[PDB]
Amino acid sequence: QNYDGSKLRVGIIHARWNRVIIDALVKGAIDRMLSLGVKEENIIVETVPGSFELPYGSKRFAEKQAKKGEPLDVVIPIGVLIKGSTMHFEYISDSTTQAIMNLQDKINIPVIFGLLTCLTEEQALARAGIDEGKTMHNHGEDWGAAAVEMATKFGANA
């Protein structure tokens, strides 16, 4: 099917580590959502320092929007995790992915998983469409489409 996002308000909340890669992911989510009809002033962008802040950050972002009379239909937390020499990578990835999944029932809208969990920087670049070789595609576009489809097919109105 072809999903029309013209009636949606979408939230994007991103972490600020690996900023270049973050900015490419967020751009591709935006471009793709506009392409499917979401209005520009209905894409709300918020930020937090690290990926661990994404879930509580997303919950409070959604509550704040609802309280001011501008509820989100869907949220895309975006973060980039690259394995370092410690186990920090594993513990942030694990607890964050699980809390992003469990957030959906707290706030009652879908939440799109926009975390990269890469072993290398180069893998993160390819997944954002910004490697030298352009060897894959920008995953942020996948997240934008999925946000439009999940909000449309499964929103309260559906």
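Just count from 1 along the sequence shown to find any residue number.
Look at the C-alpha B-factors of 84-92 and of 71-79. On average they run higher in 84-92. Between 17-25 and 131-139, it is 131-139 that carries the larger average Cα temperature factor according to the deposited entry.
In the deposited entry, the Cα temperature factor of residue 124 places it in the highest third of its chain's modelled residues. Ranked by C-alpha B-factor against the other modelled residues of its chain, residue 53 falls in the lowest third. Ranked by Cα temperature factor within the chain, residue 36 sits in the highest third according to the deposited record. The entry lists a Cα temperature factor for residue 103 that places it in the lowest third of the chain's modelled residues. Sort the chain's modelled residues by C-alpha temperature factor and residue 30 lands in the middle third, per the entry.
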